[PDB]
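*Asks:* This is the structure I have questions about; it appears just below.
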Amino acid sequence: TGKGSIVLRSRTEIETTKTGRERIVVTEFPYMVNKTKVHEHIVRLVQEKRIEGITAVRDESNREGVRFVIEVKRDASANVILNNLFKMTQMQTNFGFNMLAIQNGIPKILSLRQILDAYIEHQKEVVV
Amino acid sequence: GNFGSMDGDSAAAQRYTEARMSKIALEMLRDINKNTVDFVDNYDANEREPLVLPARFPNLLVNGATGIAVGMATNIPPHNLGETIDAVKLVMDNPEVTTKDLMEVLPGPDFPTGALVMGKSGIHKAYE
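Residue numbers (the deposited numbering), protein chains in the order written: chain F, 233 to 360; chain A, 105 to 232.
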């Protein structure tokens with residue numbers, strides 16, 4: 233029926249240094265996300281004083297491949313912080329659908345079958 | 105390299121001097137490999153450092169202090185190696201020592217140069 237929002241998360245990992253310090257490393261984000269607006273929102277979350285542990289908010293070398301790194305001190309429960317990311321931050325995405333069709337002017341709505349059905353009969357008329 | 109004396113000497117040759125580890129430092133700072141001292145991370149989040157050190161003598165007494173007056177400065181006079189050892193042995197053997205005991209195992213504070221200290225009760229009020 234083409235309606236509803238679904239949950240989406242970023243490829244995000246905890247990585248250990250040569251010192252044993254942990255690092256939140258993201259690779260990408262879901263659809264319609266800025267690096268920089270979320271980065272400003274991270275700097276907010278720093279000055280909003282509603283999240284702890286976070287030390288380094290860094291991003292470099294991104295043109296050979298996207299690399300944004302948050303780095304957090306020890307004794308902080310970093311996976312709980314990842315849970316707090318995908319609760320409150322915009323890194324979590326509630327991506328909604330709406331596919332309300334139009335077939336010859338009048339508005340309609342289709343299943344995935346019916347789309348391909350109209351495609352089939354169009355190809356019929358095309359090749360004929 | 106150039107270091108001068110108590111003369112008014114200015115050795116501007118900075119890296120041109122030679123130095124490395126000293127003999128007293130060798131046994132003075134062992135036991136790092138024995139988890140003896142705690143550590144903190146730098147601001148650079150890459151390497152650690154200890155806030156205190158392990159000791160093989162109270163260098164407090166071996167080298168004095170010439171402070172600055174952030175609230176007030178501090179003079180602390182130097183002393184002797186074996187006299188400090190005998191003081192350690194004295195306090196070890198007796199938890200009931202006196203200040204005359206300190207007069208015995210420390211006849212007086214000394215210098216790398218030498219002077220004359222004629223007073224007695226000033227020394228008494230100094231150590232008390």
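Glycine is no exception: its CB is placed at the ideal position from the N, C-alpha and C atoms.
Residues of chain A with CB closer than 8 Å to the CB of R253 of chain F, please, in chain order.
*Replies:* Going along chain A in sequence order, the residues near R253 of chain F (Cβ under 8 Å) are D145, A149.
*Asks:* Under a CB-based cut-off of 8 Å, is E303 of chain F close to chain A?
*Replies:* Cβ-Cβ to chain A under 8 Å: yes for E303 of chain F.
*Asks:* Counting only Cβ-Cβ distances shorter than 7 Å, please list the residues of the region 309-327 of chain F near chain A, keeping chain order.
*Replies:* Listed in sequence order: no entries.
*Asks:* Below 8 Å between beta carbons: does that hold for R255 of chain F and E247 of chain F?
*Replies:* Their beta carbons are under 8 Å apart, which means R255 of chain F touches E247 of chain F by this criterion.
*Asks:* Could you give the first and the last residue of the continuous alpha helix (DSSP H) run that contains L348 of chain F?
*Replies:* Counting along the chain, the alpha helix (DSSP H) containing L348 of chain F begins and ends at 344-359.
*Asks:* Under 9 Å Cβ-Cβ, which residues of chain A neighbour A288 of chain F?
*Replies:* In chain order: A149.
*Asks:* Run the CB neighbour count on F107 of chain A, radius 10 Å, all protein chains shown included, and call it buried at 16 or more, exposed below.
*Replies:* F107 of chain A is exposed by the Cβ-count criterion.
*Asks:* Pop quiz: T287 of chain F and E303 of chain F are said to be a contact at Cβ under 8 Å. What is the actual Cβ separation, rounded to whole angstroms?
*Replies:* Sure, about 5 Å apart at Cβ, within 8 Å.
*Asks:* In angstroms with no decimal places, state the Cα-to-Cα distance between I136 of chain A and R160 of chain A.
*Replies:* When rounded, the distance between both Cα atoms is 13 Å.
*Asks:* So within the region 253-312 of chain F, which uninterrupted alpha helix (DSSP H) runs reach at least 4 residues, ignoring any that extend past its ends?
*Replies:* If we require 4 residues or more, the alpha helix (DSSP H) runs fully inside the region 253-312 of chain F come out as 267-279.
*Asks:* May I ask you to verify whether the region 175-188 of chain A touches the region 198-212 of chain A, counting CB pairs closer than 8 Å and requiring at least 3?
*Replies:* Contact between the region 175-188 of chain A and the region 198-212 of chain A is present, because at least three Cβ pairs lie under 8 Å.
*Asks:* What does the alpha-carbon distance come out to for the pair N326 of chain F and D291 of chain F?
*Replies:* Distance between the alpha carbons of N326 of chain F and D291 of chain F is about 25 Å.
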